[PDB]
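*Asks:* Residue numbers (PDB author numbering), protein chains in the order written: chain X, 129 to 340; chain O, 129 to 340; chain R, 129 to 340; chain V, 129 to 340; chain F, 129 to 340; chain G, 4 to 80; chain T, 4 to 80.
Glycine included, C-beta positions come from ideal geometry on N, C-alpha and C.
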């Protein structure tokens, strides 16, 4: 029974959810933007592996280079550090761990597939979903095998379908990033609506009528 | 005739609207995005299903694999589970039923074909609009018959026309998804000032003049 | 002369434009999307109507089937019903009349050709602009006549140009769809800004200083 | 000990954060908008360097002009002056340096890569992230070679791939600038909440009960 | 030494900012929205100046008409009148002139380029930023020379490059307009806070305790 | 039972406060039935305002009729 | 036909308030007729602020005579 410590409780709770709710979203958006930066780099590079073949509708495409690059990206993103973790929003040094219940809740609210949870020995961390990129790497292998020493040969008719699939995957990643960013309109706005806990000090400090 | 419990009923009304109006729409967009991702997987698998022929305009196009894959996707998306229902927004466990009037009121604002209402034995549920996939899967059978052991033989012009129809269908699906996502401005935008029912707490707390 | 009635008129006029300003945009978008879905169905059905002739550059074009289907589409969308109306937001039963003044003030903003206003016996209604579709279905007859029993025989040199023009027509109609959909972002945001007339109650209730 | 100087420090620290917290934000957004203004001038000005290649699928692409323009943009934006620095938001004349600690603090919450800190002799300054643009001008070299006197001979498939990469980079920079502008919703809002230190002067004057 | 002169000072000061600080922003917004309406009219007019060329991928674009119209618009806004000036918010009759000090000091936060200060012989006025518009006018002739007596022919790749550049320019201008309107968050709300100068008539008039 | 010149003045507004409680409760219920309209939000602000106005007016009435004769009884001598 | 000094002051305000109340409705129905422009919204906003600020001026110009005459009564002895 005290009203002087209730304001301290309010002050510490407001900052106790800043790194629990909004800071988590901040690090999630930052790491996903880093992921999209890497993907955009690897896509911009990809413009430089096409040649005409037999001077016809056939155009070569380099598969071994793309496979190597995408697999390297996955491997660099498959570890656990400050650049490839979503929760619990590590910063500075080391790796902070999380329990099963809150990680599951964050996964459910973020709407991500099951292959996003990893165990860092002690606790659990949430990583970026690699399902779309792995799917594209497996499907680009559906175009054959690197029989030529350099790259595969394939006609415009197949190229249109392959580019359509690539654009579909890219726009899926774009929509995932857009959903994550638009989560801010439903996170920061209610954070500012919840900062109105300051009424707990405003109205209770106007209670000087208790002492006239 | 009470005011102490009017604030509680306001709070519970806001709580019920969130999971009956906003949470429902979130589950709708989530399941529909999962649907679009599955279809994107299917379209990505299309790349390794073409073969140049006659060293001319002819391209063998796989139809048996496409028919089997689309039929399988329809079968897995025609049942009722947590990953197929959009209303009444199943979550956690079990399947919940809905009435006719509310189903109509949801279909009127979702802009979906009436050929989506099915009964889960006891009550009624709303499912994803599968009509475009159906029309496409019977239309692809209109390109001929699978007389060949592997795939259809077909010149470039008919392939171009079929691909134009395919991409038109896919932009229709994409604009459906765009409408569902843009319904952020139709749901969250008005929920942001629907949460202003809290005036029934704040503005009914300045009535302390009644007790001076 | 009192203020309860002006609050009532505010609460009434905030809805008088919901079904007269935003609802009109809603049914416009819905009917035009259904239009585009039907057109995409016709395009998909058109695909399997091509055959190589003389085993060379010649590809038969099925003129009669396209002409019949587009004539049927013109005939069925030349009427005035719930699936072929734009104004005055007909729903439920019958067809509602309208005067020419608001029809002009609407078409001025919709940026549509004049040849879209018809009289339904008593009043005036707006239908989808068939001018691109009608001009293209007239042009398709200007590139030959169905002398053959089934379909025209014609080289791909002009066929590719004709298909490019047909895809350009699809592109124009799709851009019209995009403009009508973005009309939401020009109206839905405008509506959510205009719903801030509620200051007429917020400020006129805090003037209680009339009675302390 | 006194509490009249508390009123004056309330003024002086609002001054000390008016141009040190919101001031740096407005200067950063202004210089970033100028950056993208110049870049969009370049991009729109890029359009007039396309020629048909042999009147066919080939379409010549200019690389040397783009190389020189982008390298000049980097060189002009790699220095430290009034229009190339973010923090400490130098304005008026000279160049203002900043200490490493505050530079890192501002880098962490501005969400920029570590390759952005430049030392102007004495201290540190934070500039725009030029890594995407410099990697773009580096990879455009890998698109081929300018063996021709004027421009590179470029086919439609590789051109479409390169344009996809370019638009991906463009929308990435859109996302970056949108985040920087939306940081107003995070900073100006808290500054307008923090200007409520005026209550510390209003309320510390309503204590006049000490002197009736 | 008087308090009634303090009240007269407040009365004249609350007017010395209402039309000299907030009024300036209001008139700037009004004239800039008029300019944007002119731009939208130009865009709507241009939207119907397109055609296919050679019945293929080539597009006709009217360069001379857009050049003439936009030069007319620029040179009509290059003058100084009630509809082409930002500061000092000219109205009523004549043209209001200004000196260096306040003009520079307020274009500092209006964030306009140097080539926006015009001299009406005696004094100085602030006009809209014609630089992006003049840049579009200049680079619309970067497509080449108008060989045809009517309009230019250019392959579709160049057409989408040019349209993307134009869209980038118009969206940059839209962001400028959005920033200038959002400046109300720093002007109108700040004036609503600053009007609290009447506390001198509120609080210092409670000093009737001096007269019991 | 007993009622002075202030109790009846307070009860004069009581005939409308109960009505407005019923009306605002129905407003919340029908908003819960369907929230996808600004008409109900506008009616909500129209009705909560009338509620606050009734309550504040009744408080003002009782306060002013307290002060009308607090001063008279102060100099009752 | 009674009208005291406070009623006299309120007479100078009622005729002004009535005009604003009649014109705010003529602004609102026009806005509901054609809400596609922001200029008419600004005009309606200005008329509403006109009405409310004049009403508030009436509200305050009466409580400021209230305390003057009350202080006269306090020293009326």
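Buried or exposed: residue 323/F, going by 16 or more other Cβ atoms within 10 Å of its Cβ?
*Replies:* One-based indexing of the fifth chain puts residue 323/F at position 195. By the 10 Å Cβ count, residue 323/F comes out exposed.
*Asks:* Run down chain X in chain order and give the residues with a C-beta less than 9 Å from the C-beta of residue 297/O.
*Replies:* As a working mapping, residue 297/O is identified with position 169 in the second chain. In chain order: nothing, as chain X lies at least about 12 Å away.
*Asks:* Compute the distance between the beta-carbons of residue 296/X and residue 178/O, then report whether it is under 7 Å.
*Replies:* Within the first chain, numbered from 1, the residue matching residue 296/X stands at position 168. Within the second chain, numbered from 1, the residue matching residue 178/O stands at position 50. Cβ distance not < 7 Å, so residue 296/X and residue 178/O don't count as in contact.
*Asks:* Identify the contact partners of residue 291/O in chain X, using a Cβ-Cβ distance below 9 Å as the criterion.
*Replies:* Taking the first residue of the second chain as position 1, residue 291/O is located at position 163. Neighbours of residue 291/O on chain X, chain order: 285, 288, 289 and 292.
*Asks:* Please go through the segment 144-224 of chain V and give each complete alpha helix (DSSP H) segment of 4 or more residues, from N-terminal end onward.
*Replies:* 150-174 and 192-205
*Asks:* Is it buried or exposed for residue 113/R, if we count other Cβ within 10 angstroms and need 16 for buried?
*Replies:* Here chain R comprises residues numbered 129 to 340, so residue 113/R is not present and cannot be evaluated.
*Asks:* Could you tell me whether any Cβ in chain O is nearer than 7 Å to the Cβ of residue 165/R?
*Replies:* As a first step, residue 165/R must be located in the third chain, where it is residue number 37. For residue 165/R, the answer is yes, since a Cβ of chain O falls inside 7 Å of its Cβ.
*Asks:* Would a C-beta distance cut-off of 7 Å place residue 149/O and residue 38/G closer than the cut-off?
*Replies:* On the second chain, residue 149/O is found 21 positions in, with the first residue counted as 1. On the sixth chain, residue 38/G is found 35 positions in, with the first residue counted as 1. For residue 149/O and residue 38/G, yes; Cβs fall inside 7 Å.
*Asks:* By the 7 Å beta-carbon criterion, what residues does the segment 266-284 of chain X contribute toward chain O?
*Replies:* 267, 270, 271 and 283
*Asks:* Consult DSSP for residue 251/X and reduce its assignment to one of helix, strand or coil.
*Replies:* In the first chain, residue 251/X corresponds to position 123, counting from 1. Here residue 251/X sits in strand by DSSP.
*Asks:* Taking 7 Å as the CB-CB limit, is residue 210/X close to chain V?
*Replies:* Numbered from its first residue, the first chain carries residue 210/X at position 82. Answer no: the Cβ-Cβ gap between residue 210/X and chain V never drops below 7 Å.
*Asks:* What residue does the beta strand (DSSP E) around residue 281/F start on, and which one ends it?
*Replies:* The residue given as residue 281/F occupies position 153 in the fifth chain. Residue 281/F -> beta strand (DSSP E) spans 280-282.
*Asks:* Show which residues of chain G have a CB atom less than 7 Å away from the CB atom of residue 331/O.
*Replies:* One-based indexing of the second chain puts residue 331/O at position 203. Result: 51 and 55.
*Asks:* What are the residues of the segment 224-257 of chain R that lie near chain F, defined by any Cβ-Cβ distance shorter than 8 Å?
*Replies:* 239
*Asks:* Check distances from the C-beta atoms of the segment 171-191 of chain R to those of chain O and list, in chain order, the residues that come in under 7 Å.
*Replies:* 171, 172, 173, 174, 175, 176, 178, 180 and 187
*Asks:* Residue 263/X CB to nearest chain O CB: under 7 Å?
*Replies:* The residue labelled residue 263/X in the question sits at position 135 within the first chain. It does: the Cβ of residue 263/X has a partner Cβ on chain O nearer than 7 Å.
*Asks:* Looking only at its own chain, which residues have a Cβ that is under 7 Å from the Cβ of residue 138/R, when we skip the five neighbours before and after it?
*Replies:* Here residue 138/R refers to the residue found at position 10 of the third chain. Hits under 7 Å: 325, 328 and 329.
*Asks:* Given a threshold of 16 other Cβ atoms within 10 Å of its Cβ, counted over all protein chains shown, does residue 298/R qualify as buried or as exposed?
*Replies:* If you number the third chain from 1, residue 298/R lands on position 170. Burial call: buried.
*Asks:* Given that residue 41/G touches chain R, what residues does it touch there, using C-beta distances under 8 Å?
*Replies:* Position 38 of the sixth chain holds residue 41/G. The contacting residues are 142, 143, 146 and 323.
*Asks:* Roughly how far, in whole angstroms, is the beta-carbon of residue 214/X from the beta-carbon of residue 254/X, given that I think they are within contact range, below 8 Å?
*Replies:* The residue given as residue 214/X occupies position 86 in the first chain. The residue given as residue 254/X occupies position 126 in the first chain. Confirmed, Cβ separation roughly 4 Å.
*Asks:* Relative to the C-alpha of residue 289/F, which candidate in 173/V, 227/V, 237/V and 317/V has its C-alpha closest?
*Replies:* For the purposes of this step, residue 289/F is identified with residue 161 of the fifth chain, where counting begins at 1. Per the Cα distances, 173/V.
*Asks:* Rounded to the nearest angstrom, what separates residue 210/X and residue 223/X at their Cα positions?
*Replies:* Counting from one through the first chain, the residue named residue 210/X turns up at place 82. Counting from one through the first chain, the residue named residue 223/X turns up at place 95. Using only the alpha carbons, I get a separation of about 7 Å.
*Asks:* Spatial neighbours of residue 362/X within its chain, please: CB distance less than 8 Å, with the 5 preceding and 5 following residues excluded, ordered by chain position.
*Replies:* Not covered by the structure: residue 362/X. The range shown for chain X is 129 to 340.
*Asks:* For residue 246/O, which residues does DSSP report across the bridge?
*Replies:* The sequence position of residue 246/O within the second chain is 118, counting from 1. In DSSP, residue 246/O forms a bridge with 253/O.
*Asks:* Would you mind sorting residue 241/O into buried or exposed? The rule is 16 or more other CB atoms within 10 Å of its CB.
*Replies:* Position 113 of the second chain, counted from the first residue, corresponds to residue 241/O. The residue in question, residue 241/O, is exposed, as its Cβ has fewer than 16 Cβ neighbours within 10 Å.
*Asks:* Quick one: Cα of residue 204/R to Cα of residue 195/R, how far?
*Replies:* Here residue 204/R refers to the residue found at position 76 of the third chain. Here residue 195/R refers to the residue found at position 67 of the third chain. Those two C-alpha atoms are separated by around 14 Å.
*Asks:* Could you list which residues in chain V have their beta carbon closer than 8 Å to that of residue 314/X, in chain order?
*Replies:* Translated into positions along the first chain, residue 314/X becomes position 186. Within chain V, no residue comes near residue 314/X; the closest Cβ sits about 13 Å away, beyond 8 Å.
*Asks:* Is it buried or exposed, residue 279/V, if we count other Cβ atoms within 10 angstroms and call 16 or more buried?
*Replies:* As a working mapping, residue 279/V is identified with position 151 in the fourth chain. So residue 279/V counts as buried.
*Asks:* Distance check for residue 198/F and residue 166/F, CA to CA, integer angstroms please.
*Replies:* One-based indexing of the fifth chain puts residue 166/F at position 38. One-based indexing of the fifth chain puts residue 198/F at position 70. When rounded, the distance between both Cα atoms is 10 Å.
*Asks:* Given residue 185/R, which residues of its chain have a CB within under 8 Å of its CB, disregarding the five upstream and five downstream residues?
*Replies:* The residue labelled residue 185/R in the question sits at position 57 within the third chain. Contacts found: 283, 284 and 285.
*Asks:* So what does residue 46/T bridge to, in DSSP terms?
*Replies:* As a first step, residue 46/T is located in the seventh chain; it is residue number 43 there, counting from the start. Answer is none; residue 46/T lacks a bridge partner.
*Asks:* Contact defined as beta carbons within less than 8 Å: I believe residue 60/G pairs with residue 339/R. What is the distance between those atoms, to the nearest angstrom?
*Replies:* In the sixth chain, counting from the first residue as 1, residue 60/G sits at position 57. In the third chain, counting from the first residue as 1, residue 339/R sits at position 211. Correct: roughly 5 Å between the Cβ atoms.
*Asks:* For residue 212/X and residue 160/X, what's the separation of their Cα atoms in angstroms?
*Replies:* Counting from one through the first chain, the residue named residue 212/X turns up at place 84. Counting from one through the first chain, the residue named residue 160/X turns up at place 32. Approximately 9 Å between the Cα atoms of the pair.
*Asks:* So residue 327/O contacts chain G; which residues on that side make the cut at Cβ distance below 8 Å?
*Replies:* Residue mapping note: residue 327/O aligns to position 199 of the second chain, counting from 1. Under the 8 Å cutoff, chain G gives 48 and 51.
*Asks:* Anyone know if the C-beta pair for residue 27/T and residue 54/T falls short of 7 Å?
*Replies:* Your numbering for residue 27/T matches position 24 in the seventh chain. Your numbering for residue 54/T matches position 51 in the seventh chain. Yes; because the gap between Cβ atoms is below 7 Å, this pair is in contact.
*Asks:* Check the Cβ-Cβ distances between residue 159/R and every residue of chain G, and say whether any is below 7 Å.
*Replies:* The residue given as residue 159/R occupies position 31 in the third chain. Chain G, which has no Cβ nearer than 7 Å to the Cβ of residue 159/R, makes this no.
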